[PDB]
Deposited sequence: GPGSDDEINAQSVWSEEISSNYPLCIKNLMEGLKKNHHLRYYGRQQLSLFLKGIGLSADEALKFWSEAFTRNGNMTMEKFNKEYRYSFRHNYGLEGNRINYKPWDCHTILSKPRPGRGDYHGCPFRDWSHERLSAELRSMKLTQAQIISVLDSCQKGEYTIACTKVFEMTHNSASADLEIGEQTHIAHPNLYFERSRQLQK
């Protein structure tokens, strides 16, 4: 818990290592104080995969869902706590909930209005992606190359380009490779 915990996953230091899909999910969670089902699973299983413990996960999700008065803790406990405990096996289930790889993420239903799951290299417009990539300090030539991969359907190559330019396809591998470059 020294490094990955409910508080540190909101730090710029740790979150600088998140790939775009995780950044998007964290932003939707921060703004809306909620995530719909597919995004709850994609993010909660990614965070489990980077080492967020069961106790710290329940801190993280209960604090994020009840933030700014969005819902009471009683409502969180009645309507969401079981779901997060289930993802960690804490009610005894033996379903294998491993973090989703990129192919799994891409194969989930595409996000509609109000959804933050998926892969931004596919799901975002080029203008949204360009603005996001500019905020990550990429230049026009870099953005054009990333968008070229996106237009070709090569989303994991686009993501790999972003990793290289800012420093099996899997968000947790992106995180681990990026975090190792801070150590």
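Of the deposited sequence, the ranges 1-4, 172-185 have no C-alpha coordinates according to the record.
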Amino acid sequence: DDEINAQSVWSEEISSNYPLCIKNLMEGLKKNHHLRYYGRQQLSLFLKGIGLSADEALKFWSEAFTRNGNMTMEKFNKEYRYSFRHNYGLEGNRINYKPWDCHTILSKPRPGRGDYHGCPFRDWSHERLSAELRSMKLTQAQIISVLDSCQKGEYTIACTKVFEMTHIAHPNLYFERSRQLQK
From here on, numbers count along this sequence of modelled residues.
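Comparing the deposited coordinates for 46-54 and 64-72, the stretch with the larger average C-alpha B-factor is 64-72. Look at the C-alpha B-factors of 136-144 and of 26-34. On average they run higher in 136-144. Compared with the other modelled residues of the chain, the Cα B-factor recorded for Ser16 ranks in the middle third. Ranked by Cα temperature factor within the chain, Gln41 sits in the lowest third according to the deposited record. Per the deposited record, the Cα B-factor of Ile4 falls in the middle third when ranked against the other modelled residues of its chain. The entry lists a Cα temperature factor for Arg122 that places it in the middle third of the chain's modelled residues. Sort the modelled residues of the chain by CA B factor and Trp100 lands in the lowest third.
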